[PDB]
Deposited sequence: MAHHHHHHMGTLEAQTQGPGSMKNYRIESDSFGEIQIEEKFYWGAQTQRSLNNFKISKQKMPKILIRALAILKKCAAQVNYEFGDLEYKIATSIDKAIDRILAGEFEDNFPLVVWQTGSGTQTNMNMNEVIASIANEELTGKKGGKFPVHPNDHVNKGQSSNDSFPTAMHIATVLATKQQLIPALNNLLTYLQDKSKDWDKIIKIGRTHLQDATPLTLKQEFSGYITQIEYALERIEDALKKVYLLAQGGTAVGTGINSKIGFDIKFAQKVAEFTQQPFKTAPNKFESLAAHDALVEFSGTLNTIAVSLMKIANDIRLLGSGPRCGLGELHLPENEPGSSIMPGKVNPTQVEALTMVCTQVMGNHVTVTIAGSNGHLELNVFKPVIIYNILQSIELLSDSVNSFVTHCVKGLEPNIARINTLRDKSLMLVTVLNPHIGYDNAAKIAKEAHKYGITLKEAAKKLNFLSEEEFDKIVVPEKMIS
């Protein structure tokens, strides 16, 4: 039931049914720190990275045809979800992500070797380092995967989620221009505005959130691949950085390019600190929008009672704004995640920032929580918001 693998530290046992190699197993044994594995979309991004690197390596004459093709077939299968069991390493590993890099290197080599020899594992004929990792360091590969992942998640999770919110905020309030409600400043009675007008503030906040995302992504399109170990490009052929980036742009259909200065790309993660800053602003916007709805839906008899919130689950008969609670909790999570990203980003030393996994784990969590909670909020709260017109009219007609 076991296979033996090795590296420069010696022999090590791996359970036969798993495709990973000596360094993954070594990491798996030595870092028994909680159960948070690397996010699926990061693994996906890392797989895309190896795919594109292999193609460039092949085109440069540096890989045998059968090895390049076997690596490519092997990676296509990972992208289809066939080896989700085979990336067991935790986030809390080496700060450069070396081990997760080797996790991808070894699994690809292993699948390819099973195709070519009939048996998985090992370094023949496909070597994890000399073929799958050819011309790469973890120091430039892991940041490249961090940026690919961030872009993919933002374009697939967050931007649609915000557009879903924008659309329903627009559609619901289109005809609330006839509803004249009483404004509150300091929570004290103020002068009148329409309910549509009040909701137009929220619409502006979300529109502006979408604009901030576009500006924050500009540096996240820029990829470190080609800097190798310390930023100089040692062991990377001239042109690799540019051709790799074009390859990733073509597969993702996103405008990726190479980072003009690779030293800045390795030594720091300022792009992601800035990006996390935009996530934080979005958290602030949503906290305000959700809090107002909580407040306007308070009651039914001893609150404000201007809005009726959909009732989705069960002091019997009492129904709570549960979606607002889920969303406002996520907002507080994102704000704390941002402080972690800040502090980790500030702790770079010379040629390398070695806080990379904690940074990307927090970025990707914030994107996913914001997207999922907003979509839930729209479906189970915003879509069925109705104003209580008689209540709004009574409140207005009492104002001094």
Unmodelled spans of the deposited chain sequence come out as 1-23, 338-341, 428-482
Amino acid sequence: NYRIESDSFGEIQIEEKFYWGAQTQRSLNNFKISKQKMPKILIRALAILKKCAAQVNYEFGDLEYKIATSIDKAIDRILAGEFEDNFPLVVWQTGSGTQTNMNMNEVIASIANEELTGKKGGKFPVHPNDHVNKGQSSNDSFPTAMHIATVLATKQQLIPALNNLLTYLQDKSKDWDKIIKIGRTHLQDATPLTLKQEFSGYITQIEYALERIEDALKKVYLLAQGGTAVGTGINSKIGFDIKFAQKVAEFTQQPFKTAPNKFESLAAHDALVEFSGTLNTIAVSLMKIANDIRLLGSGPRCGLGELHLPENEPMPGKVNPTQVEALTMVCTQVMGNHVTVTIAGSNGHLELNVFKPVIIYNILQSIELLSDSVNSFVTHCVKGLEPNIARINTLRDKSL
From here on, numbers count along this sequence of modelled residues.
With B-factors read from the PDB entry, the higher C-alpha mean of 294-302 and 104-112 is in 294-302
Stretch with higher mean Cα temperature factor, 389-397 vs 2-10, is 2-10
For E313, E274, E211, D140, the deposited C-alpha B-factor is largest at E313
Comparing C-alpha B-factors across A161, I234, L223, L327 in this entry, the winner is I234
Here the Cα B-factor of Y202, set against its chain, lands in the third termed lowest
Tertile call for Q55 (CA temperature factor, within chain, third-based) is the middle
Here the Cα B-factor of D130, set against its chain, lands in the third termed middle
So, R44's CA B-factor, relative to its chain, sits in which third? The middle
Here the Cα B-factor of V341, set against its chain, lands in the third termed lowest
